[PDB]
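Below sits a lone chain in structure tokens, taken as the form deposited in one PDB entry.
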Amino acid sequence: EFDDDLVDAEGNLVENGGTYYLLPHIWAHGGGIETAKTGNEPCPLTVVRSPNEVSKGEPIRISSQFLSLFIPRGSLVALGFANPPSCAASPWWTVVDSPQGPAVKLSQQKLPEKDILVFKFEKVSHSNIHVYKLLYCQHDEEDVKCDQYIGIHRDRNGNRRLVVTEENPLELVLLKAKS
């Protein structure tokens, strides 16, 4: 096939295992990704988008299921904070079901790879800069199916929570962070 690797905001291939800021395509739609303490959580375990348009949010490690230097765009990826809240057991995002639908969270325990290698970036056509939607990939049986998008749900407190969405998937540009 043709790998068609993920490309960062500056036109360079995304490095596998590298750290990037996950910024909105549209400048006015907020900043980078952060965490917040919501519901009955004991500590910041909810993944959210910063409301500060100038904030790059946290550096996020993007890792594929492969050893490769770059990331073919049809690859499943795990996403983790380079510097997670102290209470999370690992940096990796996971998706948790809920009365309102699947939500993106951190965990207080280490999870198996099949619970964190659950994302995929999907190229957005009609764009000059490389813009991606973020898919969530649920189990199909003995495999995985990437048929749901991640979007934003603003809660009664203003947190812009990352959750599985039906409409208005979010759109990101990946900006390499200083290491």
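C-alpha atoms forming the largest set that superposes within 1.5 Å between two forms make up the rigid core. A residue's number is simply how far along the shown sequence it sits, counting from 1.
Keep in mind the form deposited in another entry is missing from the figure; the text below concerns it.
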item	value
Position that moves between the shown form and the other one after core superposition, taken from 29, 123, 37, 56, with Cα shift of 2 Å or more	29
Per-residue C-alpha change between the shown form and the other one, residue 83, threshold 2 Å, rigid core fit	no
Cα separation of residue 31 and residue 127 in that other deposited form versus here, shift of 3 Å or more	farther
